[PDB]
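Peer 1: The following block contains the structure, expressed as structure tokens.
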Amino acid sequence: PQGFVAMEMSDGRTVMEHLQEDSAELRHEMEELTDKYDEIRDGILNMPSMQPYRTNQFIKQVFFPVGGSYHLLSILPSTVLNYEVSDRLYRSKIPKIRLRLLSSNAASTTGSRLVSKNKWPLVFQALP
RNA sequence: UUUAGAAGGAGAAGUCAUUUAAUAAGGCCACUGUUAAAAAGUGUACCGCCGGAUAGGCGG
């Protein structure tokens with residue numbers, strides 16, 4: 001579905017936009033291929049929000065002091081910011097570094113759409 | 001109690017061949033360097049005698 005949604009129609013706009021519009025062009029296109037179009041659209045537009053329910057050895061877990069007690073933070077990285085920053089730094093003169101480490105297979109198994117698009121992100125060079 | 005904790009990046013190799021950088025030219029004019037210092041520091045040692053004496057002591 002992450003590939004399906006990312007396709008561009010004849011006007012160059014995403015299937016996401018045409019689904020949100022329920023555009024007659026997309027309805028006509030899909031109904032020529034399947035009768036399930038209404039259920040596909042409803043499922044895509046009604047995807048649940050990802051909720052944390054557990055933790056693992058692999059998530060970075062960090063103690064932070066609060067009033068002499070310590071809370072146990074679990075740090076989640078942000079993909080929307082990583083895509084946005086990697087985009088905006090591609091078009092600016094700021095001192096920047098490109099991380100080029102993820103393979104395509106590794107990026108795919110992160111399971112994100114944006115990480116598959118943004119496998120080699122640009123990032124700020126915060127150096128002395 | 002720290003985006004915690006972990007890590008072998010590695011082997012090998014012909015860069016070669018050739019070449020007009022030339023032509024020309026006013027750097028000139030003016031100018032107050034200036035007053036005042038103990039070279040000190042005994043620079044330095046000498047010649048014998050006792051002692052197997054390299055050790056360690058002596059007179060002048």
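Residues are named by chain letter and number: chains run A, B, ... in the order of the structure tokens, numbers start at 1 in each chain, and ligands are numbered from 1 in the order shown.
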Provide as a VMD selection string the residues of chain B at most 8 Å from chain A, counting only C-alpha atoms (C1' of nucleotides).
Peer 2: chain B and resid 1 to 4
Peer 1: Using N, CA, C and O atoms (P, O5', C5', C4', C3', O3' and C1' of nucleotides), can you write the selected residues to a file as a PDB file, in the first residue's frame?
Peer 2:
```pdb
ATOM      1  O5'   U B   1      24.275   2.234  35.116  1.00  0.00           O
ATOM      2  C5'   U B   1      24.525   3.636  35.128  1.00  0.00           C
ATOM      3  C4'   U B   1      23.554   4.379  34.248  1.00  0.00           C
ATOM      4  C3'   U B   1      23.793   5.895  34.192  1.00  0.00           C
ATOM      5  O3'   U B   1      23.429   6.548  32.953  1.00  0.00           O
ATOM      6  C1'   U B   1      21.688   5.486  35.142  1.00  0.00           C
ATOM      7  P     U B   2      22.712   5.858  31.679  1.00  0.00           P
ATOM      8  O5'   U B   2      22.742   7.013  30.586  1.00  0.00           O
ATOM      9  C5'   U B   2      22.012   8.212  30.800  1.00  0.00           C
ATOM     10  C4'   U B   2      22.561   9.357  29.986  1.00  0.00           C
ATOM     11  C3'   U B   2      22.747   9.116  28.487  1.00  0.00           C
ATOM     12  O3'   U B   2      22.499  10.368  27.822  1.00  0.00           O
ATOM     13  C1'   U B   2      24.864   9.490  29.504  1.00  0.00           C
ATOM     14  P     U B   3      22.344  10.534  26.225  1.00  0.00           P
ATOM     15  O5'   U B   3      21.380   9.371  25.726  1.00  0.00           O
ATOM     16  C5'   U B   3      20.623   9.543  24.529  1.00  0.00           C
ATOM     17  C4'   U B   3      20.567   8.264  23.731  1.00  0.00           C
ATOM     18  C3'   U B   3      21.857   7.914  22.991  1.00  0.00           C
ATOM     19  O3'   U B   3      22.086   6.508  23.095  1.00  0.00           O
ATOM     20  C1'   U B   3      20.054   8.162  21.437  1.00  0.00           C
ATOM     21  P     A B   4      23.569   5.899  22.984  1.00  0.00           P
ATOM     22  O5'   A B   4      23.700   5.058  24.325  1.00  0.00           O
ATOM     23  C5'   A B   4      24.113   5.685  25.529  1.00  0.00           C
ATOM     24  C4'   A B   4      24.045   4.730  26.689  1.00  0.00           C
ATOM     25  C3'   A B   4      24.812   3.435  26.497  1.00  0.00           C
ATOM     26  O3'   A B   4      26.147   3.585  26.936  1.00  0.00           O
ATOM     27  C1'   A B   4      22.632   3.040  27.440  1.00  0.00           C
TER      28        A B   4
END
```
Peer 1: Please extract the residues of segment 32-124 of chain A with a backbone DSSP assignment of strand (DSSP E) and present them as a ChimeraX atom specification.
Peer 2: /A:60-66,69-75,96-98,122-124
Peer 1: Quick one, how far is atom CA of residue 105 of chain A from atom CA of residue 120 of chain A?
Peer 2: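 Atom CA of residue 120 of chain A lies at a distance of 12.7 Å from atom CA of residue 105 of chain A.
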Peer 1: Would you kindly return, as an MDAnalysis selection string, each protein, DNA or RNA residue with an atom no farther than 12 Å from any atom of residue 59 of chain B, considering only C-alpha atoms (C1' of nucleotides) and excluding same-chain residues fewer than 4 positions away?
Peer 2: chainID B and resid 47:50
Peer 1: Quick one: everything within 12 Å of residue 30 of chain A, counting only C-alpha atoms (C1' of nucleotides), minus sequence neighbours fewer than 5 positions away in the same chain. Send it as a PDB file with N, CA and C atoms, in the first residue's frame.
Peer 2:
```
ATOM      1  N   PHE A   4       1.518   1.677  -3.702  1.00  0.00           N
ATOM      2  CA  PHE A   4       0.239   1.979  -4.345  1.00  0.00           C
ATOM      3  C   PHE A   4      -0.172   3.432  -4.133  1.00  0.00           C
ATOM      4  N   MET A   9      -1.015   9.967 -10.766  1.00  0.00           N
ATOM      5  CA  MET A   9      -1.995   9.893 -11.841  1.00  0.00           C
ATOM      6  C   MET A   9      -1.612  10.848 -12.976  1.00  0.00           C
ATOM      7  N   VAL A  15      -1.996   9.276  -5.631  1.00  0.00           N
ATOM      8  CA  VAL A  15      -3.198   8.492  -5.355  1.00  0.00           C
ATOM      9  C   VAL A  15      -3.800   8.857  -4.002  1.00  0.00           C
ATOM     10  N   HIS A  18      -6.063  11.876  -4.760  1.00  0.00           N
ATOM     11  CA  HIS A  18      -7.233  11.429  -5.511  1.00  0.00           C
ATOM     12  C   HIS A  18      -8.164  10.558  -4.668  1.00  0.00           C
ATOM     13  N   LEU A  19      -7.621   9.828  -3.691  1.00  0.00           N
ATOM     14  CA  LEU A  19      -8.454   9.055  -2.772  1.00  0.00           C
ATOM     15  C   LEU A  19      -9.199   9.966  -1.808  1.00  0.00           C
ATOM     16  N   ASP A  22     -11.889  11.345  -3.518  1.00  0.00           N
ATOM     17  CA  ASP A  22     -12.651  10.328  -4.245  1.00  0.00           C
ATOM     18  C   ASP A  22     -12.885  10.729  -5.701  1.00  0.00           C
ATOM     19  N   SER A  23     -11.809  11.194  -6.343  1.00  0.00           N
ATOM     20  CA  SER A  23     -11.899  11.796  -7.668  1.00  0.00           C
ATOM     21  C   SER A  23     -12.473  10.810  -8.677  1.00  0.00           C
ATOM     22  N   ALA A  24     -13.333  11.325  -9.561  1.00  0.00           N
ATOM     23  CA  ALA A  24     -13.981  10.491 -10.569  1.00  0.00           C
ATOM     24  C   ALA A  24     -12.970   9.783 -11.461  1.00  0.00           C
ATOM     25  N   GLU A  25     -11.827  10.420 -11.726  1.00  0.00           N
ATOM     26  CA  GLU A  25     -10.776   9.779 -12.510  1.00  0.00           C
ATOM     27  C   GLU A  25     -10.267   8.512 -11.831  1.00  0.00           C
ATOM     28  N   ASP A  35     -13.844  -4.393  -8.347  1.00  0.00           N
ATOM     29  CA  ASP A  35     -15.041  -3.936  -7.646  1.00  0.00           C
ATOM     30  C   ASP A  35     -14.781  -3.551  -6.193  1.00  0.00           C
ATOM     31  N   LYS A  36     -13.623  -3.909  -5.640  1.00  0.00           N
ATOM     32  CA  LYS A  36     -13.287  -3.678  -4.240  1.00  0.00           C
ATOM     33  C   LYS A  36     -12.862  -2.242  -3.931  1.00  0.00           C
ATOM     34  N   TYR A  37     -12.919  -1.331  -4.916  1.00  0.00           N
ATOM     35  CA  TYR A  37     -12.370   0.020  -4.777  1.00  0.00           C
ATOM     36  C   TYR A  37     -12.882   0.766  -3.548  1.00  0.00           C
ATOM     37  N   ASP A  38     -14.186   0.687  -3.270  1.00  0.00           N
ATOM     38  CA  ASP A  38     -14.734   1.369  -2.099  1.00  0.00           C
ATOM     39  C   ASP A  38     -14.094   0.876  -0.804  1.00  0.00           C
ATOM     40  N   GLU A  39     -13.869  -0.434  -0.692  1.00  0.00           N
ATOM     41  CA  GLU A  39     -13.280  -0.979   0.526  1.00  0.00           C
ATOM     42  C   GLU A  39     -11.793  -0.655   0.622  1.00  0.00           C
ATOM     43  N   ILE A  40     -11.086  -0.662  -0.510  1.00  0.00           N
ATOM     44  CA  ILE A  40      -9.683  -0.244  -0.536  1.00  0.00           C
ATOM     45  C   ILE A  40      -9.552   1.205  -0.074  1.00  0.00           C
ATOM     46  N   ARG A  41     -10.382   2.093  -0.628  1.00  0.00           N
ATOM     47  CA  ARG A  41     -10.353   3.499  -0.237  1.00  0.00           C
ATOM     48  C   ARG A  41     -10.652   3.670   1.249  1.00  0.00           C
TER      49      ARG A  41
END
```
Peer 1: Calculate how many Å separate atom CA of residue 122 of chain A from atom CA of residue 90 of chain A, rounding to one decimal.
Peer 2: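 Value for the atom CA of residue 122 of chain A-atom CA of residue 90 of chain A distance: 7.0 Å.
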Peer 1: Please provide as an MDAnalysis selection string all residues within 12 Å of residue 94 of chain A, with the sequence filter that same-chain residues fewer than 5 positions apart are discarded (counting only C-alpha atoms (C1' of nucleotides)).
Peer 2: chainID A and resid 85:86 88:89 122:126
Peer 1: From chain A, collect each residue whose DSSP state is alpha helix (DSSP H) and return the set as a PyMOL selection string.
Peer 2: chain A and resi 2-6+15-21+24-31+37-45+79-89+104-109+113-117
